[PDB]
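S.K.: To start, I am sharing the structure in question, which I have written as structure tokens.
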Amino acid sequence: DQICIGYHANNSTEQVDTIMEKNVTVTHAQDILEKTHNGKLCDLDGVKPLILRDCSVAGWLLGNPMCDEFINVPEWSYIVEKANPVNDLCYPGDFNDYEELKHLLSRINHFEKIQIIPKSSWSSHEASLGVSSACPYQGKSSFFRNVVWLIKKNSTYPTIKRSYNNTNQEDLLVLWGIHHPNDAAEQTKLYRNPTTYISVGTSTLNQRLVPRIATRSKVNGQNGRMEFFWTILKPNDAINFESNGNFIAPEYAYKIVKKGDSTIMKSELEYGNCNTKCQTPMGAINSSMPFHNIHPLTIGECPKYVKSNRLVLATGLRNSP
Amino acid sequence: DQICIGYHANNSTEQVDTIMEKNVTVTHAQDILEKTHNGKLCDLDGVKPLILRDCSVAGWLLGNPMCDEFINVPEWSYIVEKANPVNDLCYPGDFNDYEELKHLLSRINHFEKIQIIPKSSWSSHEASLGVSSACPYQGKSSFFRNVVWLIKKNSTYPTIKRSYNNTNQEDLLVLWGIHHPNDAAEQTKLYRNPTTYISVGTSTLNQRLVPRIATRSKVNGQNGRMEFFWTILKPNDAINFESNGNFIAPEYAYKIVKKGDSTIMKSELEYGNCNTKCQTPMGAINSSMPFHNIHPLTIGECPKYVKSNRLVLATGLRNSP
Amino acid sequence: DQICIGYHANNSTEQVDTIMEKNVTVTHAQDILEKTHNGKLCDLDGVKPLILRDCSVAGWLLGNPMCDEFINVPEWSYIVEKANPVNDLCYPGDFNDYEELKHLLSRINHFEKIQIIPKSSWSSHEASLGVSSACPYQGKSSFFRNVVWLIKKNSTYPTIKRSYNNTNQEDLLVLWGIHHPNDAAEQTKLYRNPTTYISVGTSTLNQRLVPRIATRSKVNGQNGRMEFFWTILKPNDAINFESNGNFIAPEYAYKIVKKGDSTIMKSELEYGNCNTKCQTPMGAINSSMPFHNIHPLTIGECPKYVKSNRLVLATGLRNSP
Amino acid sequence: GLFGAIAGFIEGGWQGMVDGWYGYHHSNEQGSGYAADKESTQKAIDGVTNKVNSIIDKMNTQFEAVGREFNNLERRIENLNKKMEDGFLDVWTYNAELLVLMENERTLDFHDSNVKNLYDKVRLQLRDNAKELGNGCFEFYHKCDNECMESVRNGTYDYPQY
Amino acid sequence: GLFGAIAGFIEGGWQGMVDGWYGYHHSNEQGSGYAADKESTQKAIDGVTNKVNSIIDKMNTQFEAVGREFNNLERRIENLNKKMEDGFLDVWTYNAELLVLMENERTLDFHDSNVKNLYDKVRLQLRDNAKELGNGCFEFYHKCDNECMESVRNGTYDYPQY
Amino acid sequence: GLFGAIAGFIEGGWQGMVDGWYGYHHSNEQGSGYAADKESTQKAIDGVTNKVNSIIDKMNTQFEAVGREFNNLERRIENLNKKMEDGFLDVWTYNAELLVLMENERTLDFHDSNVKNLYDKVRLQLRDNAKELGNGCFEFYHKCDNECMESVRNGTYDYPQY
Ligand SMILES: *[C@@H]1O[C@H](CO)[C@@H](O[C@@H]2O[C@H](CO)[C@@H](O[C@H]3O[C@H](CO[C@H]4O[C@H](CO)[C@@H](O)[C@H](O)[C@@H]4O)[C@@H](O)[C@H](O[C@@H]4O[C@H](CO)[C@@H](O)[C@H](O)[C@@H]4O)[C@@H]3O)[C@H](O)[C@H]2NC(C)=O)[C@H](O)[C@H]1NC(C)=O
Ligand SMILES: *[C@@H]1O[C@H](CO)[C@@H](O[C@@H]2O[C@H](CO)[C@@H](O[C@H]3O[C@H](CO[C@H]4O[C@H](CO)[C@@H](O)[C@H](O)[C@@H]4O)[C@@H](O)[C@H](O[C@@H]4O[C@H](CO)[C@@H](O)[C@H](O)[C@@H]4O)[C@@H]3O)[C@H](O)[C@H]2NC(C)=O)[C@H](O)[C@H]1NC(C)=O
Ligand SMILES: *[C@@H]1O[C@H](CO)[C@@H](O[C@@H]2O[C@H](CO)[C@@H](O[C@H]3O[C@H](CO[C@H]4O[C@H](CO)[C@@H](O)[C@H](O)[C@@H]4O)[C@@H](O)[C@H](O[C@@H]4O[C@H](CO)[C@@H](O)[C@H](O)[C@@H]4O)[C@@H]3O)[C@H](O)[C@H]2NC(C)=O)[C@H](O)[C@H]1NC(C)=O
Ligand SMILES: *[C@H]1O[C@H](CO)[C@@H](O[C@@H]2O[C@H](CO)[C@@H](O[C@@H]3O[C@H](CO)[C@@H](O)[C@H](O)[C@@H]3O)[C@H](O)[C@H]2NC(C)=O)[C@H](O)[C@H]1NC(C)=O
Ligand SMILES: *[C@H]1O[C@H](CO)[C@@H](O[C@@H]2O[C@H](CO)[C@@H](O[C@@H]3O[C@H](CO)[C@@H](O)[C@H](O)[C@@H]3O)[C@H](O)[C@H]2NC(C)=O)[C@H](O)[C@H]1NC(C)=O
Ligand SMILES: *[C@H]1O[C@H](CO)[C@@H](O[C@@H]2O[C@H](CO)[C@@H](O[C@@H]3O[C@H](CO)[C@@H](O)[C@H](O)[C@@H]3O)[C@H](O)[C@H]2NC(C)=O)[C@H](O)[C@H]1NC(C)=O
Ligand SMILES: *[C@@H]1O[C@H](CO)[C@@H](O[C@@H]2O[C@H](CO)[C@@H](O)[C@H](O)[C@H]2NC(C)=O)[C@H](O)[C@H]1NC(C)=O
Ligand SMILES: *[C@@H]1O[C@H](CO)[C@@H](O[C@@H]2O[C@H](CO)[C@@H](O)[C@H](O)[C@H]2NC(C)=O)[C@H](O)[C@H]1NC(C)=O
Ligand SMILES: *[C@@H]1O[C@H](CO)[C@@H](O[C@@H]2O[C@H](CO)[C@@H](O)[C@H](O)[C@H]2NC(C)=O)[C@H](O)[C@H]1NC(C)=O
Ligand SMILES: *[C@@H]1O[C@H](CO)[C@@H](O)[C@H](O)[C@H]1NC(C)=O
Ligand SMILES: *[C@@H]1O[C@H](CO)[C@@H](O)[C@H](O)[C@H]1NC(C)=O
Ligand SMILES: *[C@@H]1O[C@H](CO)[C@@H](O)[C@H](O)[C@H]1NC(C)=O
Ligand SMILES: *[C@@H]1O[C@H](CO)[C@@H](O)[C@H](O)[C@H]1NC(C)=O
Ligand SMILES: *[C@@H]1O[C@H](CO)[C@@H](O)[C@H](O)[C@H]1NC(C)=O
Ligand SMILES: *[C@@H]1O[C@H](CO)[C@@H](O)[C@H](O)[C@H]1NC(C)=O
């Protein structure tokens, strides 16, 4: 008659690593690393992202005519831009402080577009021939929809003196631009005046742009260049435009209605018609694991990213053969 | 007759946490986290800080007339600026590379102010009507005390050509500015010349400021703007000023006499009449603990900041009921 | 008759530290920290570094005549510049975006120098009197070898309109400059035209430099200043130069033939005629240890830098007296 | 293991014991079988559960990256940004992997300890009244029926009676 | 605990023993009382002291933040700066909290070990001359007076004599 | 140590035992000498080797600095860069130093454990047939010649025979 002390064993093949030994078979274990995703771009808590598709953020904000899909976008959870979107600046040029603006959009969930300077209200200047074959729409020449390329009217460009006042409650994103023509002849043709300027003033802003006229390489068949600028107009503050040529004026601006959590995600994926509480640039995550190894840039209620291939905790004891 | 092995117990209720169990009562423990401060801004090793109160660093350096308290400040241990000081730039404008200058002050403990260009020495220009109602002092119009707003004398602004030489042993902080008037009429009224400039040269510096004349919003009732610039003048090097208008000239500059450890601290607190070896923006720390959880930005001989609410080491053993 | 259990002891004096006790003598130990280096700058896998000696990176690229040693350098493993090289910009001035360029060289292993605008091809301008006593070579006045200081020919500076096209397969580093003379008389003497410009255009670049003419301190006996600029010319893209004076034109540019791993190392050491798989700014490392404490900035197959003085693992057991 | 019981003086585990982590096997004239020790098993369960939740909790306040764009002439700060994000991910990866390795070692040792301690609890009861076989087992000098056996699992084994 | 002594086969501690962490209680015809074991107690004190100072020392070379201002169009680098400072504080917070958790576990086990080892030191002396009660105590077969008891605490208990 | 054997109830190590980490010494009429226990020694060797390689492996994916220049008006970002590089080096330095401290503690305890377990393996064989001396040694009641001794090292010591 005898009695023995002993411990559990089972058919488990689960292995855990330790400092002194690897691949120790244990009776029980708990995986704590999520390795799978759904491979899709999803709504985040039922709120669909803004998927720019082939448009870049600049083509969207300026109103590149190939980006009419985003003429009035609802509130978004996050934004998805491609690595090299084709529809950027149809007419070649630059976008001043572009990356500082993108950074601003990581904190923005909703824009409401509003008209600040009506197209019809340009009575001393021509405001309908500001169109280029570099920015085509349905076969015809067009231009960025949110700005107006003003040119001379009956061979005169009188000094422009306009001013908008932010009466509405929000902060306002105002955009404008300057045209850098190829040569002195092009300058005189479009604007008459040989030497020109655009001065822009707010409470904080005090700039004076002058066109640099130089020989350039063609890009989308254009020797000219457009430089685009922006500012945030605080509520109850006014912006003053003065110019005698080369001015790319704002027609529409964006009210900032919703601040908060958002991000600009780089991905070649498109919309997947799913919902999720955690999204990555390569797919969404549905798990209660503390960790995952899918991608570092996530948005939502996410596990913590680590670079491991395997994280498994022993719960049970060493399993015997 | 028997003998027993055993261990200590006592009336301790001190608890420590472990990985496998929380709130284990032990006979002895050692708290290692400091949670208390005195709530005051104190001298640091007997050396009082510079407490700018309602002045900003710019209002102090330029000599905003509401900042006379800081007309000649002794050596400091650290500087305390508020989040939104009211007395900044009485006359609206900008301060070029302001944040790079503040960063310079984190390594500076003492300035000696000295006169580089006497106010009296402006014999071809008017140097006493450079005053604004935006910068009032005892009810009258005044201006930044360390710079001179030169205007035309008997309807003439002859080209200014001045030069200071850093003969003294230190590095010198030189400050100047440019006036951006509202319109062409204001320009001609103050300086006659329609188009003007200010050129500033050292061994390294080679700039040429031109005034941008534009319509602006009023701020403290001013349509104009002042842009302030700075440079560090190395010893035995000379600074060359050339201008024909709009020039805000230096009268006083600051010798940098003491380098070393300092910081600009943001706090709404005022002086507390205490001493301490470790200071935070919400109070001073007097303890020999290795850690504290009061605030990340400290100055002095400080414990290490952690974000914990509790850090307690077991020293004794598990206490039995 | 008896049998005893026991353990090894030996004459080892090796000590290891633990949390509860320091300097515990053990029978065996393994040092894992490398503390020694050879004190030399070495080839990295047989590939010799570029040792600029007394030349700075700017003096090398622009062709400072005191830097003829580096007129045609082979492929390098890493670059070694001193802290304060004497042969920088013989003629005083600035180098625009210099640090962003150095950062570009950390990813570059080889340049091939090529002629883009022949010196002989300047038929309407004088291209052999652009020489200064500040840039001497064998006792005579000279100048940066990779650029041309164009001055007026028979009292005329006709507008320059030149253009190079990147036909070759690589990216091309193009360099140029602008002259900032001391006064209006010097300007007219060298270039005739009172007011001048240099416009430079590519697909992305669109600049217009104007000379700032001001009184300056002499540096190497020069009141003037040269500002140097650069750009990377993508393959199959063309660069357009337009100017009417003050232009420092490119003669030679650098083809970027090899990208990859490199670095700019700061060191006062010179070449040591050795080989190594791991190099620091104070010497090379030959060891299989996981860690070292020599210097943080290494290049190659290196151990991991830690700041410890000692890291020793116990392997054996506690050694008894 | 450190405590010498699991895969030590007790060669192997019991497929037959299904209702606990540690326990007893008895053999006598009436028959044989297994019985889990509920106390030490439940202690083990609580320990390991708390440990897991402790791990999950420590790691949930941890670095999370965000996208930042930079242009062609902001390469230094872009590189700074890349090296900063990668720097922290390496640190957290190292932390996670090490914590698991270390805590797995301790978990396996914990189980070894519980078994060793259970073996000792019984040894200290039996004393001179059973032969210690050297393999986890105790052969009784007296006949020990099912109620005797239960009393050994009870902790209430009357040594003097036998 | 891992070693089975504290709150194991020794149910509880002694309010009565005030002059040390571990020790002996004796009972005989002359009376009873407690005696701290100075050796093992002092070893414990040194261990725990060194540990504390070791912890304090490791942590004193550690990240310390400084203020940096940024303007309205330097948001990216401001954010970089915020995420960098917060990144390190999380890392150090994690390090501190974990070190304490881990070292508390080890400290409690250390004490358990010292008690277990003291119990064994005495068991190995007494051998067959005392009954091992199963609860930390040893009942002697011979009468054991105060000098006999001291000899057991000495380490110089003459087994053969008894 | 935690397990009480090394520099505990076994006062000191053996200069005489050269061919292993743990083992036996015997004394009888035919003579005396040492014999390494190859099993437990080899287990120790593998453990410590794996540990070392584990340490070396964890640390090889770790922060590595690169040079970045900044000009006179980029002091903030230069300082950001300095504090970022130093920040990570402190973290890794702390990690390395702590890992070594902690793993040294565990390594020394591991050895203590192996000795303790070897002592127990033999104790559990001898049972009542030898006096447990209290110092690592076992004095036999029967005469035990070299083949008897080998059988104790075998694990195949026939208790009933003696
Ligand atoms: C863009 O447009 C908006 C809307 O027109 C501009 O805001 C308005 O600007 C005017 C000045 O042009 C401000 O001043 C007038 O109104 C104030 C109102 O005072 C109180 O009452 C209103 C309710 O009607 C309330 O909302 C305010 O908060 C405030 O409590 C008058 O007091 C002021 O006249 C003053 O009277 C004081 C007492 O006698 C004197 O001390 C003063 O010296 C002065 O004479 C004047 O009539 C408006 O307050 C302001 N309205 C709003 C809704 O913001 C905005 O300025 C413009 N931007 C730019 C850049 O031009
Ligand atoms: C701001 O003002 C200061 C003070 O005026 C300027 O510094 C001075 O600048 C002058 C030139 O304008 C320098 O050169 C003169 O003095 C040197 C002195 O040489 C030695 O002796 C002095 C002691 O008196 C000592 O401090 C120096 O360290 C040095 O060892 C003369 O040598 C020099 O003349 C030269 O003689 C050499 C030998 O014959 C020749 O090789 C040279 O070619 C030359 O002819 C001349 O007379 C001063 O050295 C200097 N003084 C000080 C105290 O720094 C400073 O330049 C100015 N800044 C600007 C931007 O203008
Ligand atoms: C720097 O100099 C280089 C070299 O001169 C410039 O690159 C060349 O630029 C010309 C335009 O000036 C390009 O267009 C011509 O050639 C293409 C070639 O097309 C195919 O065939 C070549 C092989 O010969 C192959 O390499 C190409 O990949 C391509 O498959 C012609 O097609 C083109 O004419 C067109 O015909 C099409 C069909 O009829 C029409 O749709 C078009 O509307 C058009 O009429 C034209 O003759 C060259 O392709 C290009 N060569 C190379 C080797 O890159 C470069 O532009 C210049 N830079 C600057 C900034 O000026
Ligand atoms: C653990 O197990 C032991 C042994 O099995 C238990 O002892 C037994 O306990 C039972 C349950 O009450 C006793 O039953 C009683 O029997 C008497 C007469 O035989 C009867 O008059 C009562 O009505 C009752 O049925 C049994 O006598 C007793 N026997 C022995 C030999 O111990 C013990 O109770 C258990 N203790 C614990 C702490 O679990
Ligand atoms: C630990 O304790 C034991 C037992 O208490 C000690 O043994 C006793 O030690 C005392 C102290 O010296 C001895 O006293 C001597 O007595 C003899 C005759 O009785 C006398 O001639 C001497 O002048 C002296 O007073 C005592 O005899 C002795 N007795 C016994 C039974 O052991 C022991 O010394 C202690 N050892 C250690 C290492 O602490
Ligand atoms: C471990 O050691 C024990 C004791 O040394 C071993 O037992 C002995 O093993 C030897 C080797 O085979 C036996 O030799 C045989 O002897 C018989 C007659 O004496 C002979 O007919 C055979 O040809 C052979 O030589 C020896 O008898 C035996 N003796 C005793 C007392 O045990 C044992 O084999 C070893 N076991 C292990 C697992 O290492
Ligand atoms: C521990 O086990 C792992 C997983 O089974 C082993 O890694 C695999 O090895 C197999 C066979 O050599 C390969 O085909 C797989 O590619 C490996 N998979 C992974 C995820 O690594 C590993 O070799 C074992 N490690 C040790 C130290 O024994
Ligand atoms: C461990 O004890 C702590 C401190 O007593 C407990 O936390 C407190 O719980 C009480 C009662 O529920 C609350 O009123 C307090 O707000 C808590 N204080 C703090 C600082 O947390 C805690 O619940 C216990 N933890 C566990 C796991 O049992
Ligand atoms: C542990 O030993 C080290 C190394 O021997 C001791 O440090 C040395 O102490 C000697 C004598 O005091 C000094 O001369 C050396 O300068 C020290 N060297 C180093 C590298 O530190 C150390 O004091 C001992 N530590 C403890 C806690 O006992
Ligand atoms: C292992 O055992 C369980 C019994 O608990 C059984 O249900 C399961 O099918 C088995 N799995 C394998 C792979 O044999
Ligand atoms: C996530 O997947 C699990 C499968 O384990 C499922 O039970 C759960 O409903 C899913 N939740 C969502 C929101 O997709
Ligand atoms: C606990 O015990 C000590 C005796 O050492 C006594 O002085 C103290 O007052 C007691 N504290 C409490 C709260 O009972
Ligand atoms: C700090 O406070 C302690 C109270 O524990 C006091 O003894 C000490 O004198 C104080 N020191 C200073 C400098 O305030
Ligand atoms: C230590 O012992 C070894 C024998 O293994 C011997 O070779 C060596 O010389 C000794 N070293 C010292 C310093 O005594
Ligand atoms: C590095 O030094 C070791 C000395 O231990 C030597 O054996 C080896 O050949 C050396 N290798 C090189 C590449 O210098």
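Within each chain, counting starts at residue 1; across the structure tokens, chains are named A, B, ... in the order shown, with ligands numbered 1 upward in that order.
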Which protein, DNA or RNA residues have an atom within 10 Å of ligand 9, counting only C-alpha atoms and all ligand atoms, as a PyMOL selection string?
M.R.: (chain C and resi 15-17+21-24+309-310) or (chain E and resi 50)
S.K.: Could those residues be written to a file, using N, CA and C atoms, as a compact mmCIF listing (two decimals), in the first residue's frame?
M.R.:
# COMPACT_ATOMS: atom_id res chain seq x y z
N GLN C 15 35.88 38.00 -10.51
CA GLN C 15 34.74 38.43 -9.72
C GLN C 15 33.58 38.85 -10.61
N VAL C 16 32.36 38.63 -10.14
CA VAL C 16 31.16 39.12 -10.81
C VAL C 16 30.32 39.82 -9.78
N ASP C 17 29.47 40.74 -10.22
CA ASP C 17 28.54 41.43 -9.33
C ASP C 17 27.17 40.82 -9.49
N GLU C 21 25.00 41.22 -3.88
CA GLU C 21 26.39 41.15 -3.47
C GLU C 21 27.31 41.51 -4.60
N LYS C 22 28.37 42.21 -4.26
CA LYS C 22 29.35 42.64 -5.23
C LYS C 22 30.64 41.88 -5.02
N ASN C 23 31.42 41.77 -6.09
CA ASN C 23 32.76 41.18 -6.02
C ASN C 23 32.75 39.77 -5.47
N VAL C 24 31.86 38.94 -6.00
CA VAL C 24 31.80 37.53 -5.66
C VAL C 24 32.79 36.80 -6.53
N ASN C 309 31.87 50.35 -17.68
CA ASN C 309 33.30 50.08 -17.54
C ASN C 309 33.61 48.59 -17.41
N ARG C 310 32.57 47.79 -17.18
CA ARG C 310 32.72 46.39 -16.82
C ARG C 310 31.41 45.61 -17.05
N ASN E 50 22.25 45.93 0.16
CA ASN E 50 22.94 45.96 -1.12
C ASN E 50 21.95 46.03 -2.28
S.K.: Give me, as an NGL selection string, the contact residues of chain C against chain B at a cut-off of 10 Å, counting only C-alpha atoms.
M.R.: :C and (92-94 or 180 or 211-219 or 223 or 225)
S.K.: So which residues touch residue 115 (chain E) within 8 Å, counting only C-alpha atoms, skipping near sequence neighbours fewer than 3 positions away, as a list in words?
M.R.: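 The neighbour list is residues 5, 6 and 7 of chain B; 5, 6, 22, 111, 112, 118 and 119 of chain E.
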S.K.: Could I get the residue neighbourhood of ligand 11 at 9 Å, counting only C-alpha atoms and all ligand atoms, as a list in words?
M.R.: residues 274, 275, 276, 277, 285, 286 and 287 of chain A
S.K.: Given a cut-off of 12 Å, what residues near ligand 6 show up using only C-alpha atoms and all ligand atoms, put as a PDB file with N, CA and C atoms, in the first residue's frame?
M.R.:
ATOM      1  N   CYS F 144      31.523  -0.402   2.660  1.00  0.00           N
ATOM      2  CA  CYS F 144      31.155  -0.071   1.272  1.00  0.00           C
ATOM      3  C   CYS F 144      32.407   0.063   0.403  1.00  0.00           C
ATOM      4  N   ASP F 145      32.707  -0.984  -0.366  1.00  0.00           N
ATOM      5  CA  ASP F 145      33.909  -1.031  -1.207  1.00  0.00           C
ATOM      6  C   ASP F 145      33.725  -0.217  -2.493  1.00  0.00           C
ATOM      7  N   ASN F 146      34.740  -0.197  -3.354  1.00  0.00           N
ATOM      8  CA  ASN F 146      34.700   0.636  -4.560  1.00  0.00           C
ATOM      9  C   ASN F 146      33.524   0.346  -5.501  1.00  0.00           C
ATOM     10  N   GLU F 147      33.103  -0.915  -5.584  1.00  0.00           N
ATOM     11  CA  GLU F 147      31.960  -1.288  -6.428  1.00  0.00           C
ATOM     12  C   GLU F 147      30.631  -0.840  -5.811  1.00  0.00           C
ATOM     13  N   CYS F 148      30.534  -0.950  -4.491  1.00  0.00           N
ATOM     14  CA  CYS F 148      29.420  -0.375  -3.742  1.00  0.00           C
ATOM     15  C   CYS F 148      29.324   1.139  -4.024  1.00  0.00           C
ATOM     16  N   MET F 149      30.459   1.828  -3.921  1.00  0.00           N
ATOM     17  CA  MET F 149      30.527   3.261  -4.177  1.00  0.00           C
ATOM     18  C   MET F 149      30.086   3.608  -5.595  1.00  0.00           C
ATOM     19  N   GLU F 150      30.591   2.874  -6.578  1.00  0.00           N
ATOM     20  CA  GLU F 150      30.205   3.120  -7.965  1.00  0.00           C
ATOM     21  C   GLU F 150      28.696   2.983  -8.134  1.00  0.00           C
ATOM     22  N   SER F 151      28.107   2.004  -7.445  1.00  0.00           N
ATOM     23  CA  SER F 151      26.664   1.751  -7.518  1.00  0.00           C
ATOM     24  C   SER F 151      25.854   2.926  -6.978  1.00  0.00           C
ATOM     25  N   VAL F 152      26.413   3.633  -5.998  1.00  0.00           N
ATOM     26  CA  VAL F 152      25.796   4.854  -5.486  1.00  0.00           C
ATOM     27  C   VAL F 152      25.862   5.977  -6.517  1.00  0.00           C
ATOM     28  N   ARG F 153      26.984   6.083  -7.218  1.00  0.00           N
ATOM     29  CA  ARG F 153      27.091   7.030  -8.326  1.00  0.00           C
ATOM     30  C   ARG F 153      26.265   6.581  -9.532  1.00  0.00           C
ATOM     31  N   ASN F 154      26.133   5.266  -9.726  1.00  0.00           N
ATOM     32  CA  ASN F 154      25.264   4.695 -10.768  1.00  0.00           C
ATOM     33  C   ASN F 154      23.837   5.187 -10.666  1.00  0.00           C
ATOM     34  N   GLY F 155      23.326   5.196  -9.439  1.00  0.00           N
ATOM     35  CA  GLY F 155      21.900   5.310  -9.182  1.00  0.00           C
ATOM     36  C   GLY F 155      21.320   3.939  -8.894  1.00  0.00           C
ATOM     37  N   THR F 156      22.148   2.902  -9.023  1.00  0.00           N
ATOM     38  CA  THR F 156      21.704   1.518  -8.930  1.00  0.00           C
ATOM     39  C   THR F 156      22.212   0.907  -7.645  1.00  0.00           C
ATOM     40  N   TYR F 157      22.055   1.632  -6.548  1.00  0.00           N
ATOM     41  CA  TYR F 157      22.487   1.138  -5.249  1.00  0.00           C
ATOM     42  C   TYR F 157      21.371   0.294  -4.650  1.00  0.00           C
ATOM     43  N   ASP F 158      21.594  -1.015  -4.568  1.00  0.00           N
ATOM     44  CA  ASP F 158      20.590  -1.932  -4.014  1.00  0.00           C
ATOM     45  C   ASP F 158      20.461  -1.767  -2.502  1.00  0.00           C
ATOM     46  N   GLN F 161      19.528  -5.183  -0.427  1.00  0.00           N
ATOM     47  CA  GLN F 161      20.725  -6.017  -0.277  1.00  0.00           C
ATOM     48  C   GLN F 161      21.515  -5.658   0.983  1.00  0.00           C
ATOM     49  N   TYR F 162      21.712  -4.360   1.195  1.00  0.00           N
ATOM     50  CA  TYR F 162      22.330  -3.856   2.412  1.00  0.00           C
ATOM     51  C   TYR F 162      21.221  -3.451   3.382  1.00  0.00           C
TER      52      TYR F 162
END
S.K.: Might you pull out every residue within 10 Å of region 92-99 of chain E, with only C-alpha atoms counted and same-chain residues fewer than 3 positions away left off, and present them as a PyMOL selection string?
M.R.: (chain B and resi 17-19+291+293+304-308+310-313) or (chain D and resi 54-55+58-59+61-62+95+99) or (chain E and resi 55-56+59+62-63+86-89+102-105) or (chain F and resi 91+94-95+98)
S.K.: Mind listing as a PyMOL selection string which residues of chain F are within 7 Å of chain E, counting only C-alpha atoms?
M.R.: chain F and resi 2+4+76+87+90+94+134
S.K.: Figure out the distance between CA of residue 260 (chain B) and CA of residue 146 (chain B), please, to one decimal in Å.
M.R.: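 Atom-to-atom, CA of residue 146 (chain B) and CA of residue 260 (chain B) are spaced 25.2 Å apart.
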S.K.: What residues in chain D have any atom no more than 8 Å from chain C when counting only C-alpha atoms, and can you write them as a PyMOL selection string?
M.R.: chain D and resi 73-76
